[PDB]
>>> print(open('coords37.tsv').read())   # TSV, N, CA and C atoms
chain	number	residue	atom	x	y	z
A	1	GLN	N	-16.44	-13.89	8.20
A	1	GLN	CA	-15.18	-14.02	8.92
A	1	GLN	C	-14.46	-15.28	8.47
A	2	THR	N	-13.14	-15.18	8.37
A	2	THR	CA	-12.29	-16.26	7.89
A	2	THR	C	-11.58	-16.92	9.07
A	3	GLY	N	-11.66	-18.24	9.12
A	3	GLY	CA	-11.03	-18.98	10.20
A	3	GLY	C	-11.54	-20.41	10.23
A	4	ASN	N	-11.38	-21.05	11.40
A	4	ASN	CA	-11.89	-22.40	11.58
A	4	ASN	C	-13.41	-22.42	11.55
A	5	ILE	N	-14.05	-21.44	12.18
A	5	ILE	CA	-15.49	-21.27	12.13
A	5	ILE	C	-15.78	-20.16	11.12
A	6	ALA	N	-17.02	-20.15	10.62
A	6	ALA	CA	-17.53	-19.24	9.59
A	6	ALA	C	-16.83	-19.41	8.25
A	7	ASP	N	-16.15	-20.55	8.05
A	7	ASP	CA	-15.64	-20.94	6.74
A	7	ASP	C	-15.92	-22.39	6.40
A	8	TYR	N	-16.18	-23.25	7.39
A	8	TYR	CA	-16.51	-24.64	7.16
A	8	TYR	C	-17.73	-25.12	7.93
A	9	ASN	N	-18.20	-24.36	8.93
A	9	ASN	CA	-19.31	-24.79	9.77
A	9	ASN	C	-20.56	-23.95	9.54
A	10	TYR	N	-20.47	-22.62	9.71
A	10	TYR	CA	-21.64	-21.75	9.57
A	10	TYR	C	-21.15	-20.39	9.06
A	11	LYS	N	-21.17	-20.22	7.75
A	11	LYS	CA	-20.71	-18.98	7.12
A	11	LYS	C	-21.89	-18.02	6.99
A	12	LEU	N	-21.67	-16.77	7.38
A	12	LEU	CA	-22.74	-15.79	7.35
A	12	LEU	C	-22.60	-14.88	6.13
A	13	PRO	N	-23.69	-14.57	5.44
A	13	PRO	CA	-23.60	-13.74	4.24
A	13	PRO	C	-23.22	-12.30	4.57
A	14	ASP	N	-22.86	-11.56	3.51
A	14	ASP	CA	-22.45	-10.17	3.67
A	14	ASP	C	-23.59	-9.29	4.18
A	15	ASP	N	-24.80	-9.49	3.66
A	15	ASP	CA	-25.99	-8.85	4.19
A	15	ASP	C	-26.79	-9.84	5.04
A	16	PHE	N	-27.20	-9.39	6.21
A	16	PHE	CA	-27.84	-10.29	7.17
A	16	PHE	C	-29.05	-9.67	7.85
A	17	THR	N	-29.04	-8.36	8.09
A	17	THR	CA	-30.14	-7.60	8.71
A	17	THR	C	-30.53	-8.17	10.07
A	18	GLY	N	-29.54	-8.62	10.82
A	18	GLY	CA	-29.81	-9.20	12.12
A	18	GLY	C	-28.53	-9.32	12.92
A	19	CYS	N	-28.62	-10.02	14.05
A	19	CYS	CA	-27.45	-10.18	14.91
A	19	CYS	C	-27.61	-11.40	15.79
A	20	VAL	N	-26.59	-11.61	16.62
A	20	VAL	CA	-26.48	-12.80	17.45
A	20	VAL	C	-26.73	-12.42	18.90
A	21	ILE	N	-26.92	-13.44	19.74
A	21	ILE	CA	-27.02	-13.27	21.19
A	21	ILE	C	-26.09	-14.28	21.84
A	22	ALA	N	-25.13	-13.79	22.62
A	22	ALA	CA	-24.12	-14.63	23.25
A	22	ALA	C	-24.08	-14.36	24.75
A	23	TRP	N	-23.94	-15.43	25.52
A	23	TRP	CA	-23.82	-15.33	26.97
A	23	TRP	C	-23.03	-16.52	27.49
A	24	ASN	N	-22.52	-16.37	28.71
A	24	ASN	CA	-21.65	-17.38	29.32
A	24	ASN	C	-22.48	-18.47	29.98
A	25	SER	N	-22.15	-19.72	29.67
A	25	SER	CA	-22.78	-20.89	30.29
A	25	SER	C	-21.66	-21.90	30.58
A	26	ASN	N	-21.07	-21.79	31.76
A	26	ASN	CA	-19.98	-22.67	32.17
A	26	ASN	C	-20.41	-23.72	33.19
A	27	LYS	N	-21.71	-23.84	33.46
A	27	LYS	CA	-22.22	-24.84	34.38
A	27	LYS	C	-23.35	-25.68	33.82
A	28	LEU	N	-24.13	-25.16	32.87
A	28	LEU	CA	-25.23	-25.93	32.30
A	28	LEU	C	-24.75	-26.98	31.31
A	29	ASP	N	-23.67	-26.69	30.57
A	29	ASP	CA	-23.17	-27.61	29.56
A	29	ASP	C	-21.67	-27.87	29.67
A	30	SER	N	-20.98	-27.27	30.64
A	30	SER	CA	-19.55	-27.48	30.83
A	30	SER	C	-19.34	-28.38	32.04
A	31	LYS	N	-18.56	-29.44	31.86
A	31	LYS	CA	-18.36	-30.45	32.88
A	31	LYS	C	-16.87	-30.64	33.15
A	32	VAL	N	-16.56	-31.17	34.33
A	32	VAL	CA	-15.17	-31.27	34.78
A	32	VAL	C	-14.41	-32.30	33.95
A	33	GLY	N	-15.10	-33.32	33.43
A	33	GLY	CA	-14.46	-34.30	32.59
A	33	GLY	C	-14.37	-33.94	31.13
A	34	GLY	N	-14.95	-32.81	30.73
A	34	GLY	CA	-14.94	-32.41	29.34
A	34	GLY	C	-16.19	-32.85	28.60
A	35	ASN	N	-17.00	-31.90	28.16
A	35	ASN	CA	-18.22	-32.19	27.42
A	35	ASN	C	-17.85	-32.42	25.96
A	36	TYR	N	-17.79	-33.68	25.56
A	36	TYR	CA	-17.42	-34.05	24.20
A	36	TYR	C	-18.61	-34.05	23.24
A	37	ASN	N	-19.82	-33.78	23.74
A	37	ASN	CA	-21.01	-33.78	22.90
A	37	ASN	C	-20.95	-32.71	21.82
A	38	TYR	N	-20.39	-31.55	22.15
A	38	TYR	CA	-20.23	-30.47	21.19
A	38	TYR	C	-18.95	-30.69	20.40
A	39	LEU	N	-19.06	-30.64	19.07
A	39	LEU	CA	-17.91	-30.87	18.21
A	39	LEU	C	-18.07	-30.05	16.94
A	40	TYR	N	-16.95	-29.81	16.26
A	40	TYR	CA	-16.92	-29.00	15.05
A	40	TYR	C	-16.32	-29.79	13.90
A	41	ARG	N	-16.57	-29.29	12.69
A	41	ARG	CA	-15.99	-29.86	11.48
A	41	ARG	C	-14.75	-29.06	11.11
A	42	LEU	N	-13.63	-29.77	10.95
A	42	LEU	CA	-12.33	-29.13	10.73
A	42	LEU	C	-11.94	-29.06	9.26
A	43	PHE	N	-12.16	-30.14	8.51
A	43	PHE	CA	-11.69	-30.24	7.13
A	43	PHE	C	-12.86	-30.38	6.18
A	44	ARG	N	-12.84	-29.60	5.10
A	44	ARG	CA	-13.85	-29.66	4.05
A	44	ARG	C	-13.14	-29.57	2.71
A	45	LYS	N	-13.78	-30.14	1.68
A	45	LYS	CA	-13.20	-30.13	0.34
A	45	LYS	C	-13.09	-28.72	-0.22
A	46	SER	N	-14.12	-27.89	0.01
A	46	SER	CA	-14.14	-26.53	-0.49
A	46	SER	C	-14.76	-25.63	0.57
A	47	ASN	N	-15.11	-24.41	0.18
A	47	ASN	CA	-15.73	-23.46	1.10
A	47	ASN	C	-17.21	-23.80	1.26
A	48	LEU	N	-17.90	-23.06	2.12
A	48	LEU	CA	-19.30	-23.31	2.44
A	48	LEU	C	-20.15	-22.14	1.98
A	49	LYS	N	-21.29	-22.45	1.36
A	49	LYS	CA	-22.24	-21.42	0.98
A	49	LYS	C	-22.89	-20.83	2.23
A	50	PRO	N	-23.26	-19.54	2.19
A	50	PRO	CA	-23.93	-18.93	3.35
A	50	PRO	C	-25.30	-19.56	3.59
B	1	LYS	N	-8.73	4.59	-20.05
B	1	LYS	CA	-7.62	4.61	-19.10
B	1	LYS	C	-8.07	4.50	-17.65
B	2	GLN	N	-9.34	4.79	-17.36
B	2	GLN	CA	-9.83	4.74	-15.99
B	2	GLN	C	-9.99	3.31	-15.46
B	3	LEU	N	-9.89	2.30	-16.33
B	3	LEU	CA	-10.00	0.92	-15.87
B	3	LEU	C	-8.78	0.49	-15.07
B	4	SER	N	-7.63	1.12	-15.30
B	4	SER	CA	-6.39	0.80	-14.61
B	4	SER	C	-6.16	1.68	-13.39
B	5	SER	N	-7.23	2.19	-12.78
B	5	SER	CA	-7.15	3.03	-11.59
B	5	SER	C	-7.57	2.22	-10.38
B	6	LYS	N	-6.76	2.29	-9.31
B	6	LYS	CA	-7.05	1.52	-8.11
B	6	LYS	C	-8.29	2.02	-7.38
B	7	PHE	N	-8.56	3.33	-7.45
B	7	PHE	CA	-9.70	3.98	-6.79
B	7	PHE	C	-9.72	3.73	-5.29
B	8	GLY	N	-8.55	3.71	-4.66
B	8	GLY	CA	-8.45	3.46	-3.24
B	8	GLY	C	-8.51	2.01	-2.83
B	9	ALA	N	-8.59	1.08	-3.78
B	9	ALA	CA	-8.65	-0.34	-3.47
B	9	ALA	C	-7.26	-0.96	-3.54
B	10	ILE	N	-7.20	-2.27	-3.31
B	10	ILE	CA	-5.92	-2.98	-3.36
B	10	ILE	C	-5.42	-3.08	-4.79
B	11	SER	N	-6.30	-3.38	-5.73
B	11	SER	CA	-5.93	-3.51	-7.14
B	11	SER	C	-7.10	-3.04	-8.00
B	12	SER	N	-6.87	-3.02	-9.31
B	12	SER	CA	-7.87	-2.58	-10.28
B	12	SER	C	-8.38	-3.71	-11.16
B	13	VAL	N	-8.26	-4.96	-10.70
B	13	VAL	CA	-8.70	-6.13	-11.44
B	13	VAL	C	-9.86	-6.76	-10.69
B	14	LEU	N	-10.94	-7.08	-11.42
B	14	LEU	CA	-12.15	-7.58	-10.78
B	14	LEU	C	-11.95	-8.98	-10.20
B	15	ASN	N	-11.37	-9.90	-10.97
B	15	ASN	CA	-11.25	-11.27	-10.51
B	15	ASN	C	-10.10	-11.44	-9.52
B	16	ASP	N	-9.15	-10.50	-9.50
B	16	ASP	CA	-7.99	-10.65	-8.63
B	16	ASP	C	-8.34	-10.32	-7.18
B	17	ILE	N	-9.24	-9.36	-6.97
B	17	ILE	CA	-9.63	-8.97	-5.61
B	17	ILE	C	-10.45	-10.07	-4.95
B	18	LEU	N	-11.37	-10.68	-5.69
B	18	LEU	CA	-12.30	-11.64	-5.10
B	18	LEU	C	-11.64	-12.96	-4.76
B	19	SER	N	-10.46	-13.23	-5.31
B	19	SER	CA	-9.81	-14.53	-5.16
B	19	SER	C	-8.82	-14.59	-4.00
B	20	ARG	N	-8.61	-13.48	-3.28
B	20	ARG	CA	-7.63	-13.50	-2.20
B	20	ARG	C	-8.15	-12.91	-0.89
B	21	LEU	N	-9.06	-11.94	-0.96
B	21	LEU	CA	-9.61	-11.31	0.23
B	21	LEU	C	-10.89	-11.98	0.68
B	22	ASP	N	-11.23	-11.75	1.95
B	22	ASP	CA	-12.50	-12.19	2.50
B	22	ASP	C	-13.65	-11.39	1.87
B	23	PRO	N	-14.86	-11.96	1.84
B	23	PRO	CA	-16.00	-11.29	1.17
B	23	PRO	C	-16.36	-9.91	1.72
B	24	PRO	N	-16.25	-9.62	3.04
B	24	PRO	CA	-16.59	-8.24	3.47
B	24	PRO	C	-15.67	-7.15	2.95
B	25	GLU	N	-14.35	-7.30	3.11
B	25	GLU	CA	-13.43	-6.29	2.60
B	25	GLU	C	-13.45	-6.21	1.08
B	26	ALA	N	-13.60	-7.35	0.41
B	26	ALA	CA	-13.78	-7.35	-1.04
B	26	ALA	C	-15.05	-6.62	-1.44
B	27	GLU	N	-16.11	-6.73	-0.63
B	27	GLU	CA	-17.35	-6.00	-0.91
B	27	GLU	C	-17.12	-4.49	-0.87
B	28	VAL	N	-16.37	-4.01	0.13
B	28	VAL	CA	-16.09	-2.58	0.24
B	28	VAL	C	-15.20	-2.11	-0.90
B	29	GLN	N	-14.17	-2.90	-1.24
B	29	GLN	CA	-13.27	-2.50	-2.32
B	29	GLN	C	-13.98	-2.49	-3.67
B	30	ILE	N	-14.82	-3.49	-3.93
B	30	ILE	CA	-15.59	-3.52	-5.17
B	30	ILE	C	-16.62	-2.39	-5.19
B	31	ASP	N	-17.22	-2.08	-4.04
B	31	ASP	CA	-18.17	-0.96	-3.96
B	31	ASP	C	-17.49	0.36	-4.30
B	32	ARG	N	-16.29	0.58	-3.76
B	32	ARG	CA	-15.54	1.79	-4.07
B	32	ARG	C	-15.15	1.84	-5.54
B	33	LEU	N	-14.71	0.71	-6.10
B	33	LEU	CA	-14.32	0.66	-7.51
B	33	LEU	C	-15.51	0.95	-8.42
B	34	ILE	N	-16.67	0.36	-8.13
B	34	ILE	CA	-17.84	0.54	-8.98
B	34	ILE	C	-18.38	1.96	-8.87
B	35	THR	N	-18.38	2.55	-7.66
B	35	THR	CA	-18.86	3.93	-7.57
B	35	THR	C	-17.88	4.91	-8.21
B	36	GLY	N	-16.58	4.62	-8.18
B	36	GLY	CA	-15.63	5.46	-8.90
B	36	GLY	C	-15.80	5.36	-10.40
B	37	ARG	N	-16.00	4.14	-10.91
B	37	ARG	CA	-16.23	3.96	-12.34
B	37	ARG	C	-17.56	4.57	-12.77
B	38	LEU	N	-18.58	4.52	-11.91
B	38	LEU	CA	-19.86	5.15	-12.23
B	38	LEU	C	-19.74	6.67	-12.25
B	39	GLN	N	-18.96	7.25	-11.33
B	39	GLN	CA	-18.72	8.69	-11.36
B	39	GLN	C	-17.95	9.09	-12.61
B	40	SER	N	-16.96	8.28	-13.00
B	40	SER	CA	-16.22	8.55	-14.24
B	40	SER	C	-17.12	8.45	-15.46
B	41	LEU	N	-18.01	7.46	-15.49
B	41	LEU	CA	-18.94	7.31	-16.60
B	41	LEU	C	-19.92	8.47	-16.66
B	42	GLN	N	-20.41	8.93	-15.51
B	42	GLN	CA	-21.31	10.08	-15.49
B	42	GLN	C	-20.60	11.35	-15.96
B	43	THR	N	-19.34	11.52	-15.56
B	43	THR	CA	-18.56	12.66	-16.04
B	43	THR	C	-18.35	12.59	-17.55
B	44	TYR	N	-18.08	11.40	-18.07
B	44	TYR	CA	-17.91	11.23	-19.52
B	44	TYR	C	-19.21	11.51	-20.26
B	45	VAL	N	-20.34	11.06	-19.71
B	45	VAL	CA	-21.64	11.33	-20.33
B	45	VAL	C	-21.95	12.82	-20.33
B	46	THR	N	-21.63	13.51	-19.23
B	46	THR	CA	-21.83	14.96	-19.17
B	46	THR	C	-20.96	15.69	-20.17
B	47	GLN	N	-19.69	15.28	-20.30
B	47	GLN	CA	-18.79	15.90	-21.27
B	47	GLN	C	-19.26	15.66	-22.70
B	48	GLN	N	-19.69	14.43	-22.99
B	48	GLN	CA	-20.20	14.12	-24.33
B	48	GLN	C	-21.49	14.88	-24.62
B	49	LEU	N	-22.34	15.07	-23.61
B	49	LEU	CA	-23.56	15.84	-23.78
B	49	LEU	C	-23.26	17.31	-24.07
>>> encode(input="coords37.tsv", output="structure tokens")
Amino acid sequence: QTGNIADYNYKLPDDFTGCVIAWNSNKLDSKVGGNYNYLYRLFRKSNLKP
Amino acid sequence: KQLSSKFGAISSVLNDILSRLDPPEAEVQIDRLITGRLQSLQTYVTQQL
């Protein structure tokens, strides 16, 4: 997938033979003041290998 | 002459497809192009035989 994620942070190959697990967690790691511990990489010189 | 056939893809150039599309759609387009060229090659081999 092309975008901010899966192009500079964690790119997945065309063949994978697996899948992901996603669920909502808005109380274990989400705080009223903003959890700044989680962050992403925005700018890279080139693309990322899978 | 079969090298200039789109075969249902965006274009008929190998390096042109990979340089603009994302890898999944490029994978499908290249797969279609290669299986079309392989079918053409098999037809040519059968005709020559």
>>> interface_residues(input="coords37.tsv", of="chain A", to="chain B", cutoff="10 Å", atoms="only C-alpha atoms", output="list in words")
residues 1, 2, 13, 14 and 15 of chain A
>>> residues_around(input="coords37.tsv", residues="residue 32 in chain B", least_positions_apart="5", cutoff="9 Å", atoms="only C-alpha atoms", output="PyMOL selection string")
chain B and resi 7-9+27+37
>>> axis_aligned_box(input="coords37.tsv", around="range 26-40 of chain B", padding_each_side="6 Å", output="AutoDock Vina command-line options")
--center_x -16.6 --center_y 0.9 --center_z -7.5 --size_x 18.6 --size_y 28.4 --size_z 27.9
>>> atom_distance(input="coords37.tsv", atom1="atom C of residue 47 in chain A", atom2="CA of residue 3 in chain A")
11.9 Å
>>> residues_around(input="coords37.tsv", residues="residue 49 in chain A", least_positions_apart="4", cutoff="8 Å", atoms="only N, CA and C atoms", output="number ranges by chain")
A: 7-8, 10-13
>>> atom_distance(input="coords37.tsv", atom1="CA of residue 40 in chain A", atom2="atom N of residue 6 in chain A")
9.9 Å
>>> atom_distance(input="coords37.tsv", atom1="CA of residue 40 in chain B", atom2="CA of residue 2 in chain B")
7.6 Å
>>> residues_around(input="coords37.tsv", residues="residue 30 in chain B", least_positions_apart="4", cutoff="8 Å", atoms="only N, CA and C atoms", output="number ranges by chain")
B: 9-10, 14, 17, 24-26, 34-36
>>> select_by_dssp(input="coords37.tsv", residues="chain B", states="helix (DSSP H, G or I)", output="VMD selection string")
chain B and resid 2 to 4 14 to 18 23 to 48
>>> write_last_selection(input="coords37.tsv", atoms="N, CA and C atoms", output="JSON list (two decimals), in the frame of the given file")
[["chain", "number", "residue", "atom", "x", "y", "z"],
["B", 2, "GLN", "N", -9.34, 4.79, -17.36],
["B", 2, "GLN", "CA", -9.83, 4.74, -15.99],
["B", 2, "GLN", "C", -9.99, 3.31, -15.46],
["B", 3, "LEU", "N", -9.89, 2.30, -16.33],
["B", 3, "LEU", "CA", -10.00, 0.92, -15.87],
["B", 3, "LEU", "C", -8.78, 0.49, -15.07],
["B", 4, "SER", "N", -7.63, 1.12, -15.30],
["B", 4, "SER", "CA", -6.39, 0.80, -14.61],
["B", 4, "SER", "C", -6.16, 1.68, -13.39],
["B", 14, "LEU", "N", -10.94, -7.08, -11.42],
["B", 14, "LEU", "CA", -12.15, -7.58, -10.78],
["B", 14, "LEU", "C", -11.95, -8.98, -10.20],
["B", 15, "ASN", "N", -11.37, -9.90, -10.97],
["B", 15, "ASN", "CA", -11.25, -11.27, -10.51],
["B", 15, "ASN", "C", -10.10, -11.44, -9.52],
["B", 16, "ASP", "N", -9.15, -10.50, -9.50],
["B", 16, "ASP", "CA", -7.99, -10.65, -8.63],
["B", 16, "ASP", "C", -8.34, -10.32, -7.18],
["B", 17, "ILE", "N", -9.24, -9.36, -6.97],
["B", 17, "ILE", "CA", -9.63, -8.97, -5.61],
["B", 17, "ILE", "C", -10.45, -10.07, -4.95],
["B", 18, "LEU", "N", -11.37, -10.68, -5.69],
["B", 18, "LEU", "CA", -12.30, -11.64, -5.10],
["B", 18, "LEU", "C", -11.64, -12.96, -4.76],
["B", 23, "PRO", "N", -14.86, -11.96, 1.84],
["B", 23, "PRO", "CA", -16.00, -11.29, 1.17],
["B", 23, "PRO", "C", -16.36, -9.91, 1.72],
["B", 24, "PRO", "N", -16.25, -9.62, 3.04],
["B", 24, "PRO", "CA", -16.59, -8.24, 3.47],
["B", 24, "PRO", "C", -15.67, -7.15, 2.95],
["B", 25, "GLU", "N", -14.35, -7.30, 3.11],
["B", 25, "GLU", "CA", -13.43, -6.29, 2.60],
["B", 25, "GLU", "C", -13.45, -6.21, 1.08],
["B", 26, "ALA", "N", -13.60, -7.35, 0.41],
["B", 26, "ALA", "CA", -13.78, -7.35, -1.04],
["B", 26, "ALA", "C", -15.05, -6.62, -1.44],
["B", 27, "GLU", "N", -16.11, -6.73, -0.63],
["B", 27, "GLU", "CA", -17.35, -6.00, -0.91],
["B", 27, "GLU", "C", -17.12, -4.49, -0.87],
["B", 28, "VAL", "N", -16.37, -4.01, 0.13],
["B", 28, "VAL", "CA", -16.09, -2.58, 0.24],
["B", 28, "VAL", "C", -15.20, -2.11, -0.90],
["B", 29, "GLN", "N", -14.17, -2.90, -1.24],
["B", 29, "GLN", "CA", -13.27, -2.50, -2.32],
["B", 29, "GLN", "C", -13.98, -2.49, -3.67],
["B", 30, "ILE", "N", -14.82, -3.49, -3.93],
["B", 30, "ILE", "CA", -15.59, -3.52, -5.17],
["B", 30, "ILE", "C", -16.62, -2.39, -5.19],
["B", 31, "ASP", "N", -17.22, -2.08, -4.04],
["B", 31, "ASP", "CA", -18.17, -0.96, -3.96],
["B", 31, "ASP", "C", -17.49, 0.36, -4.30],
["B", 32, "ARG", "N", -16.29, 0.58, -3.76],
["B", 32, "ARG", "CA", -15.54, 1.79, -4.07],
["B", 32, "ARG", "C", -15.15, 1.84, -5.54],
["B", 33, "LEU", "N", -14.71, 0.71, -6.10],
["B", 33, "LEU", "CA", -14.32, 0.66, -7.51],
["B", 33, "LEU", "C", -15.51, 0.95, -8.42],
["B", 34, "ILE", "N", -16.67, 0.36, -8.13],
["B", 34, "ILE", "CA", -17.84, 0.54, -8.98],
["B", 34, "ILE", "C", -18.38, 1.96, -8.87],
["B", 35, "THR", "N", -18.38, 2.55, -7.66],
["B", 35, "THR", "CA", -18.86, 3.93, -7.57],
["B", 35, "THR", "C", -17.88, 4.91, -8.21],
["B", 36, "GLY", "N", -16.58, 4.62, -8.18],
["B", 36, "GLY", "CA", -15.63, 5.46, -8.90],
["B", 36, "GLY", "C", -15.80, 5.36, -10.40],
["B", 37, "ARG", "N", -16.00, 4.14, -10.91],
["B", 37, "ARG", "CA", -16.23, 3.96, -12.34],
["B", 37, "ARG", "C", -17.56, 4.57, -12.77],
["B", 38, "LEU", "N", -18.58, 4.52, -11.91],
["B", 38, "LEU", "CA", -19.86, 5.15, -12.23],
["B", 38, "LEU", "C", -19.74, 6.67, -12.25],
["B", 39, "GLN", "N", -18.96, 7.25, -11.33],
["B", 39, "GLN", "CA", -18.72, 8.69, -11.36],
["B", 39, "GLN", "C", -17.95, 9.09, -12.61],
["B", 40, "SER", "N", -16.96, 8.28, -13.00],
["B", 40, "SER", "CA", -16.22, 8.55, -14.24],
["B", 40, "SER", "C", -17.12, 8.45, -15.46],
["B", 41, "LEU", "N", -18.01, 7.46, -15.49],
["B", 41, "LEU", "CA", -18.94, 7.31, -16.60],
["B", 41, "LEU", "C", -19.92, 8.47, -16.66],
["B", 42, "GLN", "N", -20.41, 8.93, -15.51],
["B", 42, "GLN", "CA", -21.31, 10.08, -15.49],
["B", 42, "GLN", "C", -20.60, 11.35, -15.96],
["B", 43, "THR", "N", -19.34, 11.52, -15.56],
["B", 43, "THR", "CA", -18.56, 12.66, -16.04],
["B", 43, "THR", "C", -18.35, 12.59, -17.55],
["B", 44, "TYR", "N", -18.08, 11.40, -18.07],
["B", 44, "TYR", "CA", -17.91, 11.23, -19.52],
["B", 44, "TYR", "C", -19.21, 11.51, -20.26],
["B", 45, "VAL", "N", -20.34, 11.06, -19.71],
["B", 45, "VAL", "CA", -21.64, 11.33, -20.33],
["B", 45, "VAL", "C", -21.95, 12.82, -20.33],
["B", 46, "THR", "N", -21.63, 13.51, -19.23],
["B", 46, "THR", "CA", -21.83, 14.96, -19.17],
["B", 46, "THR", "C", -20.96, 15.69, -20.17],
["B", 47, "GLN", "N", -19.69, 15.28, -20.30],
["B", 47, "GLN", "CA", -18.79, 15.90, -21.27],
["B", 47, "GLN", "C", -19.26, 15.66, -22.70],
["B", 48, "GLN", "N", -19.69, 14.43, -22.99],
["B", 48, "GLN", "CA", -20.20, 14.12, -24.33],
["B", 48, "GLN", "C", -21.49, 14.88, -24.62]]
